[PDB]
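Here it is, the structure, as structure tokens.
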Amino acid sequence: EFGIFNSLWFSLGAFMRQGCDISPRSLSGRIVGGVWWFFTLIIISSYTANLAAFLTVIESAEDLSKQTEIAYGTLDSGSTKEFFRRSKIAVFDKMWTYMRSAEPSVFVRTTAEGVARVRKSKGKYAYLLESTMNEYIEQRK
Amino acid sequence: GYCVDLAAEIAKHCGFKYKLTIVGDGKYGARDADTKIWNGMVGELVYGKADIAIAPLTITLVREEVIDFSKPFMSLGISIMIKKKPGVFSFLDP
Amino acid sequence: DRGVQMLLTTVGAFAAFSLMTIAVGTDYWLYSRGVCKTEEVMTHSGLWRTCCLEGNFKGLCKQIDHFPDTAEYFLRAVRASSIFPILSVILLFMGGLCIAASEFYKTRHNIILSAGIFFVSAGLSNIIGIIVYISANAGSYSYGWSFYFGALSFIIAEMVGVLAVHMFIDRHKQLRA
Amino acid sequence: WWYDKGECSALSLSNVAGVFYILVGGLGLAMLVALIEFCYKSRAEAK
Amino acid sequence: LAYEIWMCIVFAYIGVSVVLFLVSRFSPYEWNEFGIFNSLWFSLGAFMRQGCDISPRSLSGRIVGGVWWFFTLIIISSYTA
């Protein structure tokens, strides 16, 4: 009959849809068993149906302010730096503060330096720079 | 390069002769309000280490206050650059 | 029948130990188009040395570099150090000693159970080893006679374990009788 | 100088490795529990 | 499913069967209808999601059975999906 150990086994077996060795014989036991059977059907069917998708498997300035794990810099004395230093827009002023306060100095000393620092930071360092250089780089290995 | 070609036509249009020189500081440029020093291309031109810059140098407010730029030959904009597997227990993801 | 069982278990233990040892030793685990000592060319890779075949310098063998998330690092470590295949070989060795010591100290009839546990555990270790090896490799190809030697070692080891437990059960049945 | 530089289903064991790891680990826990009970019973024998 | 998954499914079937047999019949203090042949049948049936006709009653046997059940659920659900 169902002691605590046998009852845990009955329930586990029902959830894994792996059949039983005993089943409740009384009215109360059968009510409990019925609801557990229904729960198992809905949940297992849903697991299998969604396992029909999980089957094998940041891009704004706002997104950049959102991501604090990424540290992002500009040329140390560069028109990007000067535009951040003398900025009047809120986003760029926040970026200028982050550059001035993201320690150590996120600033690099050459554009290719910032590129390679990003290309050698596994996405933990980002570069703020002119759009032409990015277009050339994204177009070139 | 692109600016080396442009400088060739810059010299053609100006008629003058040019010597292509790089910036040692390797920076487009900016100024330290405390040292009153200019860096990179602007530092070179503000200090006379050169006389002209047909290069990817950028016009901006701070540098214009201390040196003379030309008419912008191309526009640009700031932008962001970033670095471009099933779990062991992926079977719990559904 | 009986008496033959001890011989069969002994033979099996030696065979499994030898097969697994050879497998860990040799290098024909994977036939892939990789790079020999440092183009592309078929390379019999093993647990430790990837070696070149059908090449301008075939026969040049190089130690595989198992490193270019923490899980990736831990798997790379567990695969670089073939801890699971090696543990399999060590366990098989300890099992062999237990089977051999059975002839002596025969009154204990409790060391043979130890032999069985060692053999079965060796099998489980072999399985984990195959899983990690394949997973790591995944991050056209084929498997060589070394890989299948490892598999046969697992099958024989499990059979030898079953026989050991069977004879332990018989010994206690006789003792209780 | 920008465009002319242009240079840019089966299920694998890696997907279901976790379930294999759990299976073997469980087999181990089971063998351990069994041996512990066996040792306890061996010592339990009224000497 | 890939060739490797099938190979390791077979290896695991053998392993689960051997461990269930060992864990159920090794203790002399137990002397369970779980000999090696019955163990192999229990495992095969569990994998094919069919009936059992026997279920481990001991704690250790139940641990083995539970993990084999979970493994079967994930692998067969994945085969069907």
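Note that the chains take the letters A, B, C, D and E in the order they are written out, and that residue 1 is the start of every chain.
Keep in mind that, in the parts below, a residue touches a chain if its C-beta (ideal position, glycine included) is under 8 Å from a C-beta of that chain, and two chains touch if they have at least 3 such contacts.
Peer 1: Determine which two chains are connected by the greatest number of contacting C-beta pairs.
Peer 2: A-B
Peer 1: Which chain's mean C-alpha position is the greatest distance from chain E's?
Peer 2: When every chain centre is compared against chain E, the largest gap points to B.
Peer 1: Name the most central chain, where centre means the mean of Cα atoms.
Peer 2: Located nearest the centre of all protein C-alpha atoms is chain D.
Peer 1: Quick one: report the Å distance separating chain A from chain E, using the average Cα coordinate of each chain.
Peer 2: 37
Peer 1: Distance from the CA centroid of chain A to that of chain D, rounded to the nearest Å?
Peer 2: Each chain reduced to its C-alpha mean, chain A and chain D end up 26 Å apart.
Peer 1: Calculate how many whole Å lie between the centre of chain B and the centre of chain C, each centre taken as the average of the chain's C-alpha atoms.
Peer 2: 62
Peer 1: Going by the contact rule already set, what residues in chain D reach two or more other chains?
Peer 2: 1, 11-17, 19-21, 24, 27, 31 - these are the residues of chain D that touch more than one other chain.
Peer 1: At which residue positions does chain C touch at least two other chains?
Peer 2: In chain C, the residues touching two or more other chains are 117, 120, 124, 127, 131, 134, 139.
Peer 1: Looking at the whole structure, which two-chain pairs count as touching?
Peer 2: Result of the pairwise touch check is A-B, A-D, A-E, B-C, B-D, C-D, C-E, D-E.
Peer 1: Which residues of chain D touch chain E in their complex?
Peer 2: 10-13, 15-16, 19-20, 22-27, 29-31, 33-34, 37-38, 41
Peer 1: Could you please specify the touching residues of chain B with respect to chain C in the complex?
Peer 2: So the residues of chain B in touch with chain C come to 85, 87-88.
Peer 1: Going by the contact rule at the top, pick out the chain B residues touching chain A in the complex.
Peer 2: Checking each residue of chain B against chain A gives 25-31, 39-40, 43, 56, 58-63, 74, 76-83, 86, 90, 93-94.
Peer 1: For chain D, which residues are in contact with chain B within the complex?
Peer 2: 1, 14-19, 21
Peer 1: For the complex, give me every residue of chain A touching chain E.
Peer 2: Within the complex, chain A touches chain E at residues 5, 9, 12-13, 16-21, 44, 47-48, 51-52, 55.
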